[PDB]
Amino acid sequence: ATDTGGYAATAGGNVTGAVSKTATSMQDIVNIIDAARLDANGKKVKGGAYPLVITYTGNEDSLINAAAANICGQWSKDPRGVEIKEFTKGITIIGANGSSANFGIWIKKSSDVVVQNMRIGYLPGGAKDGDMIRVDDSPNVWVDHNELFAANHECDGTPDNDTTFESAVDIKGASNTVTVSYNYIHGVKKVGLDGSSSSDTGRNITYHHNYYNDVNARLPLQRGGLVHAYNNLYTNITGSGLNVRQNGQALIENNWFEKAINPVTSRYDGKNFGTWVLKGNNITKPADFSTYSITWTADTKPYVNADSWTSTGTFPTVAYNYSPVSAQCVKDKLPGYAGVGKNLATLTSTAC
Ligand SMILES: [Lu+3]
Numbered sequence: 001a002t003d004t005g006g007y008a009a010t011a012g013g014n015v016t017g018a019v020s021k022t023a024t025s026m027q028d029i030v031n032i033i034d035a036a037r038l039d040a041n042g043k044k045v046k047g048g049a050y051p052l053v054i055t056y057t058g059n060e061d062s063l064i065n066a067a068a069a070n071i072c073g074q075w076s077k078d079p080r081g082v083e084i085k086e087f088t089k090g091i092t093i094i095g096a097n098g099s100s101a102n103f104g105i106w107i108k109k110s111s112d113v114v115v116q117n118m119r120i121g122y123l124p125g126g127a128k129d130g131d132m133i134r135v136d137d138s139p140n141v142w143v144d145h146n147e148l149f150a151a152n153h154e155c156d157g158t159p160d161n162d163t164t165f166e167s168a169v170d171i172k173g174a175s176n177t178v179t180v181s182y183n184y185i186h187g188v189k190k191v192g193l194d195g196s197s198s199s200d201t202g203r204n205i206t207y208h209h210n211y212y213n214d215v216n217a218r219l220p221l222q223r224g225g226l227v228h229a230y231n232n233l234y235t236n237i238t239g240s241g242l243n244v245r246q247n248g249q250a251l252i253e254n255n256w257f258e259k260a261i262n263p264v265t266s267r268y269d270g271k272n273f274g275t276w277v278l279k280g281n282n283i284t285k286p287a288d289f290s291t292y293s294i295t296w297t298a299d300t301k302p303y304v305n306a307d308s309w310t311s312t313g314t315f316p317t318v319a320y321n322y323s324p325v326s327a328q329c330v331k332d333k334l335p336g337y338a339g340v341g342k343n344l345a346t347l348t349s350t351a352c
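Residue numbering for the sequence shown follows PDB author numbering, starting at 1 and increasing by one per position.
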């Protein structure tokens with residue numbers, strides 16, 4: 001249904017008149033989407049001819065396992081990904097239990113796209129924007145119950161010394177409403193951006209019930225707009241957490257932070273700091289920093305850290321209806337709902 005627990009209101013391909021197809025490989029996904037653009041007469045239709053619910057049964061563990069053993073050999077390879085360009089009829093790509101992919105999903109100028117239960121990791125082509133998931137000029141996208149991973153490590157001699165692997169979920173352009181939920185993101189250096197440049201500001205993103213572990217930064221690197229981060233489990237953050245920039249507003253509530261450096265900050269621009277409303281997290285005052293191993297660092301440019309752990313601004317009325325569970329409940333239960341193979345389960349107060 002349209003309820004995603006966030007700003008995105010979409011059902012993807014699970015609508016009336018949808019056609020279900022099974023993909024056993026990346027190639028099939030491409031061929032299926034391509035066929036879905038032709039009407040009864042064999043003519044193409046703008047935005048697609050009919051809704052789709054593609055179930056991916058392929059498994060590329062062999063590619064993933066070989067990449068994991070040769071981390072530094074991935075960045076120079078050709079990037080692999082299925083591009084969903086200008087398809088608006090509605091599309092849901094569900095990975096079948098047991099499936100895995102060594103290719104990304106790149107959404108471009110589309111709408112109502114749902115990506116669920118996909119295990120994507122160690123993609124090749126980091127030097128050529130090999131993102132695991134990319135949302136560009138695409139409103140109403142829902143990235144739910146996926147496992148996005150790689151190795152939180154940078155190899156030597158990589159272009160820009162930042163391209164060993166690319167991001168987990170990059171959002172940019174007119175991707176006005178998006179919900180990123182129940183994802184198990186681990187071992188990723190650059191998790192994902194929310195705005196590709198200082199000029200690419202806006203969008204309303206909801207990050208909830210995501211379990212991040214062993215990640216370096218960008219949770220997200222927010223550029224303007226609104227970001228509602230609730231019920232996320234943030235552990236072992238090696239660089240920085242939510243980086244609220246270009247005057248962005250964030251509502252950080254009922255989250256669990258632990259072993260994290262600069263969990264909530266605004267840095268790198270040296271100006272136009274974003275704001276945050278802090279409520280109901282495991283941390284309530286600076287006295288809890290030592291309790292949960294929270295450390296802060298400075299930046300060479302003017303920056304703002306939430307080292308006082310107090311709200312620095314306001315946040316509009318959260319449009320959608322949601323009910324956050326307690327920070328303690330996410331810490332105790334979230335790991336069992338986030339990720340693939342959980343049958344798209346959701347954490348409720350009744351399970352606390
Ligand atoms: Lu990218």
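In this text, a Cβ means the ideal position worked out from N, Cα and C, and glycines have one as well.
- Counted as a single uninterrupted DSSP element, the stretch harbouring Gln-222 is not any alpha helix (DSSP H) but the beta strand (DSSP E) occupying residues 221 to 223.
- Contact check for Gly-104 and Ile-120: beta-carbon distance about 6 Å, within the 8 Å limit, so the pair qualifies.
- Relative to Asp-39, the option among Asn-31, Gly-48, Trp-142, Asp-299 whose CA is nearest is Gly-48.
- Under the criterion of beta carbons closer than 8 Å, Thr-201 and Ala-8 do not qualify as touching, at roughly 19 Å.
- Within 6 Å of the C-beta of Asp-129 there is at least one heavy atom belonging to ligand 1.
- A contact is defined here as three or more CB-CB pairs under 8 Å, and the region 244 to 253 meets this definition with respect to the region 265 to 282.
- Straight-line measurement puts the Cα of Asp-3 at about 23 Å from the Cα of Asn-97.
- Beta-bridge partners assigned by DSSP to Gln-246: none are found.
- DSSP places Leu-63 outside any beta strand (DSSP E); the residue lies instead in the alpha helix (DSSP H), whose first and last residues are 61 to 69.
- When the beta-carbon positions are compared, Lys-172 and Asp-136 come within less than 7 Å of each other.
- Around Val-53, the same chain offers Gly-12, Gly-13, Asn-14, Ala-18, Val-19, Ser-20, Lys-21, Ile-91, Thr-92, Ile-94 as residues with beta carbons nearer than 8 Å, after the five sequence neighbours per side are excluded.
- Looking at the DSSP output, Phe-257 shares a beta bridge with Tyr-234.
- Counting along the chain, the unbroken alpha helix (DSSP H) around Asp-34 starts and ends at 26 to 35.
- A distance below 7 Å between beta-carbons, with the five flanking residues on each side excluded, links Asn-204 to the following residues of its chain, in chain order: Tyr-7, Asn-176, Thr-177, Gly-225, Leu-226.
- Around the C-beta of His-153, fewer than 16 other C-beta atoms lie within 10 Å, and the residue is accordingly described as exposed.
- Within the same chain, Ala-127 come within 7 Å of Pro-159 by CB-CB distance, once the 5 residues on both sides are set aside.
- Taking C-beta atoms as the reference points, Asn-213 and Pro-324 fail to come closer than 7 Å.
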